[PDB]
Protein chains: 2
Amino acid sequence: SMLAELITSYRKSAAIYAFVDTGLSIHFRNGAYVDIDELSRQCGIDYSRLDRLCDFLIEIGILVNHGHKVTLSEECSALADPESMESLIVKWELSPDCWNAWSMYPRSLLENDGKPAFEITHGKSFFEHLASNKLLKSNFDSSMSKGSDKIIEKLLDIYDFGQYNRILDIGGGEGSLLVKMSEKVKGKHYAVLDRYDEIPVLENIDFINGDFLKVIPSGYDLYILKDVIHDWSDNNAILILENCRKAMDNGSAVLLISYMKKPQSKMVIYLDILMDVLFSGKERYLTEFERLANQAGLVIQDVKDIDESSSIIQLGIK
Amino acid sequence: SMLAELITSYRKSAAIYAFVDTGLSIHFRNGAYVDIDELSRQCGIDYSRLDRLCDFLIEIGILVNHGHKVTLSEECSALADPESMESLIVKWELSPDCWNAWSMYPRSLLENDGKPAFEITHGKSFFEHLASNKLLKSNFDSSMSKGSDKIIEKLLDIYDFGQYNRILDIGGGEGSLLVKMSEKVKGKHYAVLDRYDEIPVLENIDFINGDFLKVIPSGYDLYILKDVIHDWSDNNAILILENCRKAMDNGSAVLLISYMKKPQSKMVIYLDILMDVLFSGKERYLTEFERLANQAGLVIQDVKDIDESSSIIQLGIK
Ligand SMILES: Nc1ncnc2c1ncn2[C@@H]1O[C@H](CSCC[C@H](N)C(=O)O)[C@@H](O)[C@H]1O
Ligand SMILES: Nc1ncnc2c1ncn2[C@@H]1O[C@H](CSCC[C@H](N)C(=O)O)[C@@H](O)[C@H]1O
C-alpha cells in the first residue's frame with residue numbers, strides 16, 4: 001500500500017548509508033560488473049548478509065541485476081565516487097549524529113522552547129557539534145564545496161561579479177565559491193568570514209576567524225550570504241543583515257544566494273523539515289526575505305532565479 | 001533526481017512518526033476537515049512549525065489541502081485510528097529505540113560478530129529490551145495481535161485446525177492467534193509458550209513460561225511457530241525445530257506460519273533488512289526452510305499459501 005511504502009521509506013536511506021559508509025560503493029565505479037562473492041571477501045562482510053543488502057539495493061533501483069553480476073545504475077553512479085556531493089551528503093546527513101536527531105523531532109514540536117531536535121539529542125547546536133567532531137565537519141564542509149561547484153557557472157552567467165573590487169563571503173566555509181569565482185573574475189580582493197579554530201590559508205583568497213552574529217568587517221563592495229540565512233530564526237537572520245548594514249557604505253551591495261519557498265516547491269519543502277530538525281532554520285518566501293531585509297534597514301534592488309527552487313537577491317541601504 | 005529522492009526517503013517516515021506520536025493524527029478521524037490554527041492550539045505546537053510539517057505531509061500525499069483546511073487522504077486513513085495495525089507499527093518501528101538502531105547497521109555489517117545493529121545500540125536483544133520497556137512492548141504486542149486478526153480467517157480456510165485436540169503456540173506472546181482460533185474452533189486444549197515476567201490469565205487458555213531454545217513441552221498434537229523462525233540465525237532456527245522434534249511423537253505436526261522469500265518479492269526483501277537490523281534474523285526461501293527442517297530431523301508434509309508473501313508449512317518427524 002501507499003501507507004506501508006511511506007512508513008518503510010527510511011530503510012532505503014539506511015541501506016544507501018551502509019552501501020557508502022562500509023566502502024562497498026567504491027567497487028562499483030566506472031560501471032564495473034561486480035561479483036558479490038568477491039565483494040564479500042574484499043570488504044570483509046558475511047556473504048549472506050551482503051547478498052541480502054544487494055537484493056534490497058536491486059529492488060529500490062540503486063543496483064541492477066545482470067544475472068550473475070550486479071552494477072550501480074547510471075542515475076546513482078555518484079555513490080561510487082567518495083568525493084561526490086551525494087556520497088559526502090550521505091556520510092554526514094545519514095550518520096548517527098544527524099540520523100538519531102530525527103528521533104527527537106516530535107519532542108522538539110511539543111517542547112515550545114527554542115531547541116531543535118539536534119540540540120535535544122547532543123546538548124549543542126549543529127555547528128557547535130561540528131567543532132568537536134572533525135570527520136563530520138569535513139564531510140559537511142566538503143559536500144557544501146561540491147554544492148557550490150554545481151551552480152557557480154550559472155551564477156557567473158546570470159550575475160556580474162566583475163563590477164565589485166572587494167568581495168566578502170559571510171559564512172563561506174572552505175571558501176570554494178570564491179576560489180571558483182577567481183578562475184573567471186580576476187584582479188579582485190577575495191575574503192571569506194567563518195568560525196575557524198585553525199584559519200585556512202589559500203593565496204588569491206584571504207580568510208577571517210569571525211562571528212557574523214556580533215560584527216561583520218566593513219570596507220567591502222559586495223557581501224555574499226550563500227545558504228546562511230536559512231540556518232537561522234527571523235531574529236538571528238535580521239541580526240546578520242543588521243550587522244551587514246552597519247559594515248556597509250552606500251554603493252556597496254549584499255547578495256543572498258538562497259533556496260526560495262514557493263507553492264508546491266517539492267525539493268524546498270523536503271529541505272525545510274531538515275532545517276527545522278538540524279539547524280532550527282527554515283526555507284522562506286521572497287515576501288519573508290523582503291521583510292527581514294526591511295527590518296534590518298536594507299531594500300531588495302533585484303531578484304534573479306538560478307533554479308525553479310533557488311534565487312539571488314541583491315540588497316542595498318535606504 | 002531519483003538518487004536525491006532515495007537519500008531523503010527517511011524524512012517521509014520521520015514525518016509520519018511525528019504526525020502520530022505528537023497526537024496530531026487523532027484530529028483527522030472520519031475524514032474530518034481540520035483548521036491548522038485550531039490544531040496548533042489544541043496540540044500545543046507552534047503554528048509556523050506545524051504549518052511547515054503539514055506542507056511536507058501534503059507533498060508526500062498523507063494530507064490533502066481543501067482551500068484553508070486539510071484532511072487525511074483516504075489511502076492513509078489508518079493513521080487517524082491509534083489501534084490500526086499501521087498506527088501501532090509506526091509507534092514501535094519508528095520509535096527512538098528502533099529508529100536509532102539503523103545508525104549502527106554499517107558497523108554491524110563490518111564487525112561480523114553476529115550482533116545486530118539493535119544489540120550494538122542498546123547492549124541487549126530486541127526482546128530483552130522489550131522486557132525493560134513497557135510502552136514499546138505494549139505497542140509491539142498490540143501490532144502483533146492486529147497481524148493475527150487480519151489473517152486468522154485465511155488460516156482457518158486453508159488449514160484444518162479441528163483435527164488437532166492439543167494445540168501449543170510457541171512464541172505466541174499475547175495469545176491473540178489462539179484466542180481468535182477459539183471463537184471458530186472450540187473444545188480444544190489451547191496453550192501458549194513465551195517469556196513472561198507475569199503469566200497472562202484467560203483461564204481456558206493455558207499460558208506457560210519457558211525458553212524454546214532449551215525445551216518445548218511434550219504431549220501436543222500441533223506445535224505452531226508464527227513469525228518466530230525469521231527472528232533467528234540458521235543454527236538457532238535448527239535448535240528450535242530440534243526442540244520441537246524431541247517434544248513430538250509420531251502423528252503430531254509443526255506448523256510454520258511465516259513470510260516466504262521469492263525472486264523479486266518486494267515486501268519480504270524490505271522486511272528481510274529490518275530482521276537483520278532489529279532481530280539478527282532473516283526471511284528464507286522454501287528450499288532454505290527445507291534444509292533447516294532436514295537438519296532438525298523433520299520433513300515438509302504440506303505447504304499452503306496465505307497470500308503473495310506469506311505461507312503455512314506443515315513439518316513432520318522423519
Ligand atoms: N556565528 C557564525 N559566524 C560565522 N560563520 C558561521 C557562524 N555560524 C555558522 N557559520 C558558518 O556558516 C556556514 C553555513 S553553511 C553554508 C556555507 C556556504 N555559504 C555554502 O554555500 O556552502 C558554515 O560554514 C558555518 O560554520
Ligand atoms: N528464547 C525464547 N523463548 C521463548 N519465547 C521467545 C524466545 N525468544 C523470543 N521469544 C518470543 O518469540 C516471539 C516472537 S514475535 C511473534 C509473536 C507471535 N507469535 C505473533 O506472531 O503474534 C515473541 O513473543 C518473543 O517474546
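Below, read A as the first sequence line, B as the second, and so on, with proteins coming before strands; counting in each chain starts at 1.
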Exercise. Hey, are the side chains of A:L292 and A:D234 touching, using non-hydrogen atoms and a 4.5 Å cut-off?
Worked result: yes
Seminar exercise, completed: In terms of heavy-atom pairs under 4.5 Å with chain B, the winner among A:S95, A:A78, A:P106, A:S13 is A:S13
For this session: For B:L135, look at atom CG and say whether over 12 heavy atoms of other residues, nucleotides or ligands are found less than 6.0 Å away.
Result: no
Seminar exercise, completed: Ranked by heavy-atom pairs below 4.5 Å to chain A, first place among B:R49, B:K12, B:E93, B:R107 goes to B:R49
Problem set entry | Part of B:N100 within contact of chain A (heavy atom distance under 4.5 Å) | both
Exercise. Going from CG on B:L6 to CG on A:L57, what distance comes out if it is rounded to the nearest 0.5 angstrom?
Worked result: 10.0 Å
Exercise. Are any non-hydrogen side-chain atoms of A:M267 and A:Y259 less than 4.5 angstrom apart?
Worked result: yes
Problem set entry | Distance (rounded to the nearest 0.5 Å) between A:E86 CD and A:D81 CG | 9.5 Å
Seminar exercise, completed: Closest heavy-atom pair, A:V20 versus A:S25, reported as atoms and distance to 0.1 Å, is CA-OG, 3.7 Å
Seminar exercise, completed: chain A shares the most heavy-atom pairs under 4.5 Å, among B:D55, B:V90, B:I60, with B:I60
For this session: For chain A, find which of B:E75, B:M104, B:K266 contributes the most heavy-atom pairs closer than 4.5 angstrom.
Result: B:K266
For this session: Specify which of A:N65, A:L271, A:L24, A:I269 makes the most heavy-atom pairs with chain B at under 4.5 Å.
Result: A:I269
Seminar exercise, completed: Given B:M2, B:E283, B:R11, the one with more heavy-atom pairs under 4.5 angstrom with chain A than any other is B:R11
Problem set entry | Straight-line distance of A:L130 CG to A:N139 CG, nearest 0.5 Å | 9.5 Å
For this session: Begin from the C-alpha positions of B:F126 and B:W92 and carry the test ring-ring contact (aromatic ring centres under 6.0 Å, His included) through to its verdict.
Result: CA-CA 11 Å; B:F126 183 86; B:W92 75 261; 5.7 Å; yes
Exercise. Which answer fits A:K282, side chain, backbone, both or neither, if we ask what part of it has an atom under 4.5 Å from a heavy atom of chain B?
Worked result: both
For this session: Kindly assign one of parallel, tilted or perpendicular to the pair A:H129 and A:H122, based on the angle between their ring planes and the thresholds 30° and 60°.
Result: tilted
Seminar exercise, completed: If one checks every heavy atom of A:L94 against chain B at 4.5 Å, the contacting part turns out to be side chain
Problem set entry | Proximal component of A:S77, with respect to chain B [non-hydrogen, under 4.5 Å] | neither
Exercise. When you look at NE2 of B:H68, are more than 12 heavy atoms from neighbouring residues, nucleotides or ligands closer to it than 6.0 Å?
Worked result: no
For this session: Measure A:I16 against the heavy atoms of chain B and call it side chain, backbone, both or neither at under 4.5 Å.
Result: side chain
For this session: Look at B:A15, B:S1, B:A14, B:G44 and state which one has the largest set of heavy-atom pairs under 4.5 Å with chain A.
Result: B:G44
Exercise. Which atoms of A:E5 come close to chain B, meaning under 4.5 Å heavy atom to heavy atom: side chain ones, backbone ones, both, or neither?
Worked result: side chain
Exercise. Non-hydrogen atoms of chain B under 4.5 Å away: do they reach the side chain of A:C98, the backbone, both or neither?
Worked result: neither
Seminar exercise, completed: Answer key: most heavy-atom pairs under 4.5 Å with chain B among A:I62, A:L79, A:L110 is A:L110
For this session: Quick one: do B:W99 and B:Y10 satisfy side-chain contact (heavy atoms from CB on, under 4.5 Å)? Show the steps, please.
Result: CA-CA 10 Å; B:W99 175 274; B:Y10 72 100; 4.1 Å; yes
Exercise. Is it the side chain or the backbone of A:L53 that comes within 4.5 Å of chain B heavy atoms, both, or neither?
Worked result: both
Seminar exercise, completed: Residue from A:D272, A:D21, A:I89 scoring the most non-hydrogen pairs under 4.5 Å with chain B is A:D272
Problem set entry | From A:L50 atom CG to A:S40 atom OG, the distance as rounded to the nearest 0.5 Å | 5.5 Å
Seminar exercise, completed: Cut-off 4.5 Å, heavy atoms of chain B, and the answer for A:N112 is side chain
Seminar exercise, completed: Looking only at A:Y270, A:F19, A:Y105, most heavy-atom pairs under 4.5 Å shared with chain B are made by A:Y270
